[PDB]
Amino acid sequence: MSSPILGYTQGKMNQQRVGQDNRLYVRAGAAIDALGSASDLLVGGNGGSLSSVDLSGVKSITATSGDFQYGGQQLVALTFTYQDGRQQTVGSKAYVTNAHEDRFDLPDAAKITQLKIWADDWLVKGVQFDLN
């Protein structure tokens, strides 16, 4: 049980098992610089600011891509919406033009167990989430 690949399958792919705390760790700013199962296990570039996302209660994940203000077509944002209606976003939608949104709605009784991250030396290009 896997999600579609949100964003682009460019760069090298790293795969990570989700930690016991069930949080997704990020470095981000105008886009998503890095992702990982832990703050020390970020894959991607060396930019952005560190933040975390609780993976518990996730109903849907929404990717925002498009023409990046600082060059190229990039994955600039991932927005997590929870069963309680709350929404947390990592990355940004403020530095993109001609943007499109790929939304992935999780099936009932699906837990995120694996992370697949496509990135280069700068930014994260794409992500895929494997379930139970």
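Counting begins at 1, following the sequence as shown.
Just going by the entry, 96 to 104 versus 23 to 31 on mean CA temperature factor gives the higher value to 96 to 104. As the entry records it, the average C-alpha temperature factor is higher for 81 to 89, out of 63 to 71 and 81 to 89. Ranked against the other modelled residues of its chain, the C-alpha B-factor of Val76 as given in the entry falls in the middle third. In this PDB entry, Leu115 carries a Cα temperature factor that places it within the lowest third of its chain's modelled residues. When the modelled residues of the chain are ordered by their C-alpha B factor, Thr9 lands in the middle third. When the modelled residues of the chain are ordered by their C-alpha B factor, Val18 lands in the lowest third. Residue-level temperature factors show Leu42 in the lowest third of its chain, judged at the C-alpha atom.
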